[PDB]
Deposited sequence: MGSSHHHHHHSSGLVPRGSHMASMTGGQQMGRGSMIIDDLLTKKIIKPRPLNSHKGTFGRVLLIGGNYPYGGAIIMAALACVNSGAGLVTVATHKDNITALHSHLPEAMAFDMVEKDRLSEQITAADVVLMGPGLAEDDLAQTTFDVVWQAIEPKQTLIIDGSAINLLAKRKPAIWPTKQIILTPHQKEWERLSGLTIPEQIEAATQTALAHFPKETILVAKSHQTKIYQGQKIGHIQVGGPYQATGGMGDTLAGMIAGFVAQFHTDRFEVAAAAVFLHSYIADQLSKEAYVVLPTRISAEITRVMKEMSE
């Protein structure tokens, strides 16, 4: 099936007048480990602009200033602070780990803190280098509400499929190995969304998106969507994926390359349009 605007218009519902906060969810982002700070800033920017009720960032000490230059709306702390990181996991509804996390000792220590602190009611998004980190180890998943957002090569690491042999049928079968509800966002030329026996295709998107930080922005948007829209999780993530490229398509008419932060700036205006 094809993910289009009508699906996205189905998900992006006008906000209930009464319910204020909580309803719109709390996300914790974990990443931007040296030297990949910008990645967590771009996911943060996307997440806030998508309408997450509260956004909290666990990042490198020396990257907090730059984050706040862009986004004072998001609390940020040193990810090495083990007890605060723990407290913040329990306060979060959605945990996005991976953008700019890297693979050093601090990343593995952190991965393992998060992995032991995740609760069953929480949504866990595993992005970028955290896919490699998930691959090195294994048996019980701390939640069933798992979203994977790997690159062509990172998904290879997790599933054992080379880029030529990452055909729909092969990716689909490698998924039946993770919990049934697991959503996979196969970031690619044409990104596809997998869950169980469902495959979603986006027709929107173009070469103006082939620029550094595009995936981080996508990760942030998916996190913001799942935080506030509690209906079918596959369609919610699918909508996030559609809108990301749909905005890029709009910005392309007047831009040779569409920059990740330029897409983030446009998010609410377009979500507003999508809500009618």
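Residues of the deposited sequence that lack C-alpha coordinates fall in the stretches 1 to 34, 173.
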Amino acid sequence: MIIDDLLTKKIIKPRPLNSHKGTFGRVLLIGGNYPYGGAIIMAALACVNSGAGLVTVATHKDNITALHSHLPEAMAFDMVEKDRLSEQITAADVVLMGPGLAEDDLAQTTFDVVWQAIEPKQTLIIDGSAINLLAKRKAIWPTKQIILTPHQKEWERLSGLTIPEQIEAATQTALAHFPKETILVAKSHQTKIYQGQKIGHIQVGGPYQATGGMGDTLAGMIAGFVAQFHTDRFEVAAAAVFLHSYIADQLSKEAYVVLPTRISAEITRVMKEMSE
From here on, numbers count along this sequence of modelled residues.
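Taking only CA atoms, the mean B-factor in the PDB entry is higher for 191 to 199 than for the other of 191 to 199 and 89 to 97.
Averaged over their C-alpha atoms, the temperature factors of 80 to 88 and 154 to 162 are higher for 154 to 162. Among 179, 205, 120, 128, the highest C-alpha B-factor in the deposited entry belongs to 179. In the PDB entry, residue 146 places in the middle third of its chain by CA B-factor. When the CA B factors of the chain's modelled residues are split into thirds, the value for residue 252 lands in the middle one. Among the modelled residues of its chain, residue 260 has a C-alpha B-factor that falls in the lowest third, as given in the PDB entry.
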